[PDB]
Structure formats: C-alpha cells, structure tokens
Amino acid sequence: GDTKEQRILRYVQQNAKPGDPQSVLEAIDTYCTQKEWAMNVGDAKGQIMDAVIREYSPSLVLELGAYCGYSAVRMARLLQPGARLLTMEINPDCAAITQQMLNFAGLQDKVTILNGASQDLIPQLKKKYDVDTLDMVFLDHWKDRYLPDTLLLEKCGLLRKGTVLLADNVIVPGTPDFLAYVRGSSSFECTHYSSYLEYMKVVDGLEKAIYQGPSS
Ligand SMILES: Cc1ccc(Cc2cc(O)c(O)c(C(=O)NC/C=C/[C@H]3O[C@@H](n4cnc5c(N)ncnc54)[C@H](O)[C@@H]3O)c2)cc1
Ligand SMILES: [Cl-]
Ligand SMILES: [Cl-]
Ligand SMILES: [Mg+2]
C-alpha cells in the first residue's frame, strides 16, 4: 500500500506542528533514526547547508533532486523575504510528497517545484521562468548528473562570478568526475566540508565550489 516516502510524510503530519519548519525537519530525522533509513541530507550535513545559506543570503536558489522535500524545507526556511527556491524533481511521486511537505511547513510560497529531468529543465530557465543568474545551486540528485548539469548551467549562462555550488555525497556514494573537475578548474574555488552520511557513522562530506567566471 504505502511507500517509504508516504510513511515519512504521514509521520510528519501526525508528529510535527503545521507552519513550523523546525518540527518538520526534527520529525523526519526522528523517523529516519528509529524506523527506516532514507536518503535525506540529515541534520549534520543540514547544519552545513544552514551556514552556507546564512553566509551568502541567496536571492535565487536552485535545488537538483527534491526527494521528500527535506533540503527544500531546510533551505526555504532560512531565505530572506522575496528570495525563491526552484526545485527540480524527475519523479512525480516525490514531487507530490515534496509539495505537501512544504504546505505542511507553510513555505510553499517560497518554492517552485518543476516536475522533470533537470537536463531538460535547466535550458528552459531563462526564457520560460524569467531567470538571469543563479546565486546558489544545491546538487543532491543522481551522482552521474552533477558534472553534465554543472557544465550545462555554464553553457546556458545561469552562473555568475560568486555563484555557490553545494554538492552532497562527494565521498559516499561519491561524485568522482564532478569533484576532480571543480577542484581542477580555475573556473571554481572549492572548500570541502567533512561530515557523516545521513543517519550513519560513515564519513561523508559536502563540497562548496564558488564559480569564478569563464576560463580564458
Ligand atoms: C556507499 C553508499 C551508497 C549509497 C548511499 C545512499 C545515498 C545517500 C545520499 O545522500 C544520496 O543523495 C543518495 C542518492 O543516490 N541520491 C539520488 C537522488 C535522487 C533524487 O533526485 C531525483 N532525480 C534523479 N535524477 C534527477 C534529474 N536528472 N532531475 C531531477 N530530479 C532527479 C530522484 O527522483 C530522487 O528524488 C544515496 C550511501 C552510501
Ligand atoms: Cl533531502
Ligand atoms: Cl544526521
Ligand atoms: Mg544525498
């Protein structure tokens, strides 16, 4: 009957407070610590996401991979008024669970969910959705999409000097082609944020890669 993702949403609805994003996040973290593991970024990596958002105060943020809306809630709740999160999610079941999670949280007006493959959607952003340049991108979808989408974002002109890329899972499962590129290119300046895989004692980390402009 129910899926794991419907079980996570259900647990939130019964146990957290509506319109309160912090109870929504703590509820998801509790469910995933005691009942079923799921691929949410988690609290430890979440605090690194908090700080990054706090440091740069981004007006437009793009999230690749929504899943259950845990990072969406995590970032949306910290945005200054007027700022927006676009999130791209290729699975409609996840897209639907994400929407409802944001509604419960009362953050639905700060988020625009686009249901489709990011490689089809990134090229449409300027024309269809009015975009100039992104101030921040958060990558947490399929690990083989990080590099081709980072290059498609450049190709398309969605990046600007000072745009922050924040990439989950750079140690485990790992994102080798992406990590070696951004660390090797003069078009980015990178910092590694060592941490733990969500709900586990296994060493993971995030990578922050700030776009310096096109290479000469
Ligand atoms: C060793 C080891 C292996 C695996 C793990 C476990 C583990 C730990 C983690 O933190 C992880 O982030 C992952 C992981 O694979 N995440 C993939 C995330 C997919 C979501 O994004 C969606 N999506 C996938 N491609 C696209 C796309 N083009 N455009 C739009 N949405 C897309 C999907 O529809 C899902 O909503 C796995 C831990 C340790
Ligand atoms: Cl998440
Ligand atoms: Cl955690
Ligand atoms: Mg992840």
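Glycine also receives a Cβ, built like all others from the backbone with ideal geometry; neighbour counts cover every protein chain displayed. Here, each number is a calculation from the coordinates, and none is a lab measurement.
The rows are residues; the columns are (1) over 19 Å from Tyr146 (Cα atoms); (2) in contact with a strand residue (DSSP E or B) (Cβ under 7 Å, 6 or more places away or on another chain).
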site: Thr30; (1), (2): yes, no
site: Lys35; (1), (2): yes, no
site: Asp43; (1), (2): yes, no
site: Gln47; (1), (2): yes, no
site: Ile53; (1), (2): yes, no
site: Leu62; (1), (2): no, yes
site: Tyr67; (1), (2): no, no
site: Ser71; (1), (2): no, yes
site: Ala76; (1), (2): yes, yes
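Of the residues in region 146-163, not one is within 16 Å of ligand 2 (Cβ to nearest atom), in contact with a strand residue (DSSP E or B) (Cβ under 6 Å, 6 or more places away or on another chain), in contact (Cβ under 8 Å) with a residue 12 or more places away in the chain and closer than 22 Å to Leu79 by Cα.
Inclusion of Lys126 among residues that are over 27 Å from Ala51 (Cβ atoms), away from ligand 1 (no atom under 15 Å from the Cβ) and among the charged types (D, E, K, R) is warranted. When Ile90 is tested against (1) farther than 27 Å from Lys201 by Cβ; (2) within 11 Å of the chain's Cα centre (by Cα); (3) within 16 Å of ligand 4 (Cβ to nearest atom); (4) of a type in the set (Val, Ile, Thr), only condition (2) is not met.
Of the residues in region 172-193, at least one is within 16 Å of ligand 3 (Cβ to nearest atom) and either hydrophobic (A, V, I, L, M, F, W, C) or in contact with a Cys (Cβ under 6 Å, 6 or more places away or on another chain) (or both).
Residue-wise test of (1) in contact with a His (Cβ under 9 Å, 6 or more places away or on another chain); (2) over 14 Å from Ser71 (Cβ atoms); (3) not β-branched (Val, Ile, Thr).
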residue: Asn15; (1), (2), (3): no, yes, yes
residue: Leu25; (1), (2), (3): no, no, yes
residue: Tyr31; (1), (2), (3): no, yes, yes
residue: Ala38; (1), (2), (3): no, no, yes
residue: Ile48; (1), (2), (3): no, no, no
residue: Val52; (1), (2), (3): no, no, no
residue: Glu55; (1), (2), (3): no, yes, yes
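Has region 41-60 got at least one residue that is in a loop (DSSP other than H, G, I, E, B), more than 16 Å from ligand 3 (Cβ to nearest atom) and either over 14 Å from the mean Cα position of the chain (by Cα) or among the small types (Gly, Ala, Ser) (or both)? Checking region 41-60: at least one residue is in a loop (DSSP other than H, G, I, E, B), more than 16 Å from ligand 3 (Cβ to nearest atom) and either over 14 Å from the mean Cα position of the chain (by Cα) or among the small types (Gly, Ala, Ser) (or both). Has region 189-206 got at least one residue that is more than 16 Å from ligand 4 (Cβ to nearest atom) and buried (at least 20 other Cβ atoms within 10 Å of the Cβ)? Checked against the condition, which is being more than 16 Å from ligand 4 (Cβ to nearest atom) and buried (at least 20 other Cβ atoms within 10 Å of the Cβ), region 189-206 yields no hits at all. Considering every residue within region 141-155, establish whether at least one is assigned to a loop (DSSP other than H, G, I, E, B) and either within 16 Å of ligand 3 (Cβ to nearest atom) or closer than 15 Å to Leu62 by Cα (or both). Yes, region 141-155 contains at least one residue that is assigned to a loop (DSSP other than H, G, I, E, B) and either within 16 Å of ligand 3 (Cβ to nearest atom) or closer than 15 Å to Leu62 by Cα (or both). Number of residues in region 172-182 that are touching a residue at least 12 places away in the same chain (Cβ under 8 Å), on the phi < 0 side of the Ramachandran plot and either surrounded by fewer than 19 Cβ atoms within 10 Å (Cβ to Cβ) or more than 15 Å from ligand 4 (Cβ to nearest atom) (or both) equals 5. For region 122-141, the criterion of being polar (S, T, N, Q) and buried (at least 19 other Cβ atoms within 10 Å of the Cβ) is met by none of the residues.
Restricting region 39-56 to residues that are without any contact (Cβ under 8 Å) to a residue 24 or more places away in the chain and more than 10 Å from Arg74 (Cβ to Cβ) leaves a set whose member that is surrounded by the most Cβ atoms within 10 Å (Cβ to Cβ) is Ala51. Out of curiosity, is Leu86 buried (at least 19 other Cβ atoms within 10 Å of the Cβ), assigned to a helix (DSSP H, G or I) and not β-branched (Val, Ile, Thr)? No.
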